[PDB]
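Asks: for now just these chains, pulled out of the complex without moving them:
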Amino acid sequence: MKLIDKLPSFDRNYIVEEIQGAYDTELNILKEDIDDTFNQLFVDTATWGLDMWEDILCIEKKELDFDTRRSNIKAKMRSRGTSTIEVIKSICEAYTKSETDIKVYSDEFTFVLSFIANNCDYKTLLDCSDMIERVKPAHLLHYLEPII
Amino acid sequence: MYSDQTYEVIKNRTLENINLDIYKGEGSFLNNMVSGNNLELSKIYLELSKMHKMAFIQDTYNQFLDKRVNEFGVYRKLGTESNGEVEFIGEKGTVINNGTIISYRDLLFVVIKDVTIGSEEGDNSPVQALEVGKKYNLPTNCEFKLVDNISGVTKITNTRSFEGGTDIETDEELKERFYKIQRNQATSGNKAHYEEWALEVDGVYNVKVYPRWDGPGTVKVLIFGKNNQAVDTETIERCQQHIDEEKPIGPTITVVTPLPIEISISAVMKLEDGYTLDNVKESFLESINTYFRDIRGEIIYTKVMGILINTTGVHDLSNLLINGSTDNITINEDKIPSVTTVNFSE
């Protein structure tokens, strides 16, 4: 309807109306595609574009939900760093499933964690120790101590 | 590219794309049919050009930056309303309830607590700005006017300048704040990151970190209050728990405060006419307090005697003694002089 308004008066026949109606339907399709792509640009409004966001994050996860994917993307970015000892203690006590006391000496640069042996298994203890070392500073050394 | 893409260029391109029996010329039916769609495509090209600018992190709008920071978590600051205290002058016994609004010029302000004129509680009531902005930070001695007329109230003025009025954080300021946050992260050893948490306490303004004070891994925290005046014990404690909350893994942390140093002085001087011992004493103690504030390093005997003779009312002085000696007094670190004894004899 836009072009026929722009088009001259003597071209007001039915053929022009039909062709311009088809072109206007094509315009609507194109503009809704443009809007969908612009939504895909933003993380919140993207639906199928989150795959490349995950690829940039270098983490591969099976598709579960768009909101879940966005939450995982938000979690992957920053949200790192243990501000104090309490962060590491709280993270480790989840694996140990028991209270843990720390005896840390600045002169020794030594970290020690005491936990009940019966509560936490050997394999999960090794996994928790590897995760701690992944978090624990290179100079510091953490000691896993099972209470007998 | 997009600048090259225009209605005429794509018109010629599409005319070349279509080869057909009928001749192509200006004013042709098919010419107009193609031209309209090519104008549409030029509009689409302009939209696609704007796609680039709106997709970029720079030169974003309010909603674009809002989405980016919601992804990043560095939320924009909306500003704070100005806060101040005004004095109500009028008929005694007049009661002004809470929620009353006072207007100075075109600005609008609201009174928080009830104030009674002539009451024992006083005629001063805190006033908070209705909206955020630095324009609400009214200075001292502003004659506030009631928006709604209240009998018994005549004049309203503020004894203190209004503070707290902060503008809305613009896009660019939050942008460089986010960039600085991304470039620099909290670290254990960099004294800037550690002293940042200590500086978050308003009482202290200078923070010093002393590495290797009790062996390896030992960090000594030195803080300075207002103009290097010791803060209260509760302030030291709360700073201690705060820094411990943000301290790294397994340090030994000790917080110290500036230590006042007593000063005892004694001198024999001849006072000028019309000047007593109390006047020269107060003037010299004020001057020497200023000097103690501005002195760095050891106490200088000659500076002290010069500021003493420069004190008005001093004609001739002799036998100036500071803490039992006339030599320069060495000031240790984190120590400030404090006048305790003044012995002036005429």
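Replies: Ah, there it is. Numbers count the residues shown, from 1 in each chain, chains lettered A, B, ... in the order given.

Asks: any idea how far the closest residue to residue A:8 other than its chain neighbours is from residue B:14?
Replies: Distances taken as C-beta to C-beta, 6 or more residues apart in numbering or on different chains put residue B:32 closest to residue A:8, at 7.5 Å, once the chain neighbours are dropped. All C-beta atoms are positioned from the backbone trio N, CA, C, and that covers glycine. Using C-beta to C-beta, to the nearest Å, one gets 12 Å for the distance from residue B:32 to residue B:14.

Asks: give me the more crowded residue out of the two.
Replies: Neighbour count, other C-beta atoms under 10 Å in any protein chain shown: between residue B:32 and residue B:14, residue B:32 has more, with 17 against 14.

Asks: re earlier: which residues touch the residue nearest to residue A:8?
Replies: A:7-8, A:11 (C-beta atoms under 8 Å, 6 or more residues apart in numbering or on different chains).

Asks: near chain B, which residues of chain A are found?
Replies: Residues of chain A found near chain B (C-beta under 8 Å from any C-beta of the partner chain) are A:2-3, A:6-8, A:11, A:16, A:19-20, A:23, A:27, A:30, A:34, A:37-38, A:41-44, A:74, A:77-78, A:81-86, A:88, A:102, A:104-107, A:109, A:111, A:136-137, A:140.

Asks: close enough to count as contact, residue B:262 and residue B:336?
Replies: No: Residue B:262 lies out of contact with residue B:336 (C-beta atoms under 8 Å); the separation is 10.6 Å.

Asks: and the two? Which one has more around it.
Replies: Ranked by neighbour count (other C-beta under 10 Å), residue B:262 and residue B:336 place residue B:336 first, with 18 against 10.

Asks: just the helices in chain A please.
Replies: A:2-6, A:14-41, A:50-57, A:66-76, A:85-96, A:122-135 (DSSP state H).

Asks: in JSON lines, list those along with mean neighbour count.
Replies: Formatted as JSON lines, the helices of chain A follow (neighbours: other C-beta atoms under 10 Å in any protein chain shown):
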{"stretch": "helix A:2-6", "mean neighbour count": "15"}
{"stretch": "helix A:14-41", "mean neighbour count": "13"}
{"stretch": "helix A:50-57", "mean neighbour count": "14"}
{"stretch": "helix A:66-76", "mean neighbour count": "15"}
{"stretch": "helix A:85-96", "mean neighbour count": "16"}
{"stretch": "helix A:122-135", "mean neighbour count": "13"}
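
Asks: could you also fit chain C onto it:
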Amino acid sequence: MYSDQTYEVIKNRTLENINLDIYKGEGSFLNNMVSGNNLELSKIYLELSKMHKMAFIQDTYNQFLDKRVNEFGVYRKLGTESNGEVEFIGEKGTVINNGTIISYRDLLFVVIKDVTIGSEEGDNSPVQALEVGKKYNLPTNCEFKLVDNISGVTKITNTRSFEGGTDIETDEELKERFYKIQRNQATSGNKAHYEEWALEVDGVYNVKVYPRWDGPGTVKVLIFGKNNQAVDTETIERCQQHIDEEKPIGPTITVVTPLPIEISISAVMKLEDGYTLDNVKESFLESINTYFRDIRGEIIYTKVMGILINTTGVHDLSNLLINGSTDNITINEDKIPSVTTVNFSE
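Replies: Chain C now in position relative to the chains above:
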């Protein structure tokens, strides 16, 4: 979806959507104009697909990737210019002021210190490379040429090799660093954070961190150059001082560089017709150099023999020895094989 819509599908859709009493055939004027419009629309759809690719910047390199990396906090390390000192030889009393320009081949250099030939301050003046790049790291005893002719100056040579010319950043290196950081789950005070600190330094292609190498509070930091090469002592010093600026206070950090392993080759080889010793020696030198670049583990005496016989102009060889032996030699960590002696005879 831009990919869902394709040339022929949208062509047929446009043809079908309008009901025509006119028969539609191939090569028709209506068909030709529909084909032209479809060509333009397919160009638009391809451009939209390219814009989507640019937004996700997967394959093609563009400013979008660099800006997004800057959003994530990683910065493109442009590099540092090479630094060195040259000797001015000529008539005594000539003064070479600051900013003097000296050119070696295509490379351009600038004099940093005002040096007078024959003065008590010496004839040596520091020279900094005018551009960033490893090509400016000239070896010692290189002859430099004055861009601007100065009377009384004859010879310009450097007593030592130039250093400090870190290579200019490439998009591939930045992308690899971003990707490895993406795998890296860093933490304030963890091995990943230290290796990221090492990555912040110019010329640090590879990072190796060894925790508790000496036990309590000790970190062993190992770095490599391009293609697992050594790094100059200046780069190590800059890296360690930057780390100490950001590292936790108290840990002991040791930064080292790989050291080469010298080898000597002795063999009796019957040369082919028309080939001299120098040509085959140079060809075998190139072959063994690229083999060392492509080697991993230990040098294999059999690979050495094969890469010697495959050399052009080599007919029959005998008694091949690497360091006087036919046994494979282990190439340990932070160690590379270096060719020092080549002994070939017929």
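
Asks: what parts of chain B come near chain A?
Replies: B:29, B:32-33, B:36-37, B:39-40, B:44, B:47-48, B:51, B:54-55, B:67, B:70-73, B:185-186, B:188, B:214-218, B:244-252.

Asks: can you rerun that using 6 Å?
Replies: Contact residues, chain B versus chain A (C-beta under 6 Å from any C-beta of the partner chain): B:32, B:36-37, B:40, B:55, B:67, B:71, B:215-218, B:245-247, B:249-250, B:252.

Asks: which members of those residues additionally contact chain C?
Replies: Applying C-beta under 6 Å from any C-beta to the residues of chain B next to chain A, those adjacent to chain C are B:55, B:216-217.

Asks: restricted to helices, list those residues.
Replies: If you go by DSSP H, those have residue B:55 in helices.

Asks: and of the ones next to chain C among the residues of chain B next to chain A, the nearest to residue A:128?
Replies: Ranked by distance to residue A:128 (C-beta to C-beta), these are led by residue B:217 at 24.3 Å.

Asks: residue in chain B nearest to chain A?
Replies: For chain B, the residue closest to chain A is residue B:217, as judged by C-beta to the nearest C-beta, at 3.0 Å.

Asks: one step back: can you select the buried ones among the ones next to chain C among the residues of chain B next to chain A for me in ChimeraX?
Replies: In ChimeraX, this line selects whichever of these come out buried by 16 or more other C-beta atoms under 10 Å in any protein chain shown:
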select /B:55,216,217
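
Asks: how near is the residue lying closest to residue A:2 once chain neighbours are set aside to residue A:5?
Replies: Computed as C-beta to C-beta, 6+ apart, the closest residue to residue A:2 that is not its neighbour in sequence is residue A:24, at 6.8 Å. Distance from residue A:24 to residue A:5, counting by C-beta to C-beta: 11 Å.

Asks: and what of residue B:106?
Replies: 48 Å.

Asks: so what's the residue count around residue B:258?
Replies: Counted with other C-beta under 10 Å, residues neighbouring residue B:258 total 19.

Asks: let me redo that: residue B:184
Replies: 14.

Asks: list phi and psi for residue B:107.
Replies: Torsion angles at residue B:107 (phi, psi; degrees, to the nearest 10) stand at phi -70, psi 160.

Asks: again with residue A:99
Replies: For residue A:99, the backbone dihedrals (degrees, to the nearest 10) come out as phi -70, psi 140.
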